[PDB]
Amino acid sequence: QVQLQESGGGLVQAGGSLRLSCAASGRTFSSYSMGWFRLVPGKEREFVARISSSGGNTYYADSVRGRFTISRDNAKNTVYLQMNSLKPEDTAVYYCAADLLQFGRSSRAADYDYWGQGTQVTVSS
């Protein structure tokens, strides 16, 4: 059963940028749609972005549209979240998630199959 591990969190100044990455163990990454979610304490995990297994289709939450970019390197078994123009409202634990569904949309945390352990992202004014 695939293991997912985030890298890249931490403190960053408002207006700055961060690249999160998430690495999958084994040899199944290429068969998953991949997603990123974020957890603010006191709310459900919020959908951030999703990428089909081929990498040909991507989808964003409107709260990050125009600022974040999701991408994948199937040769490295890694999915990425590039975050630009960061705001204090972006502060959260960010989680990667793998979905056995290889196409289409999926924005509910409950409909993903595997999860990483989360990396804290803190944006100060």
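A residue's number is simply how far along the shown sequence it sits, counting from 1.
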item: Comparing 7-15 with 98-106, the one whose average Cα B-factor in the PDB entry is higher; value: 7-15
item: Record-listed C-alpha B factor of residue 88: chain third; value: highest
item: Residue 62, C-alpha B-factor rank within chain (lowest, middle or highest third); value: lowest
item: CA B-factor ranking of residue 31, expressed as a third of its chain; value: middle
item: Third of the chain's Cα B-factor distribution that residue 82 belongs to, per the entry; value: highest
item: Chain thirds of CA B-factor: placement of residue 74; value: middle
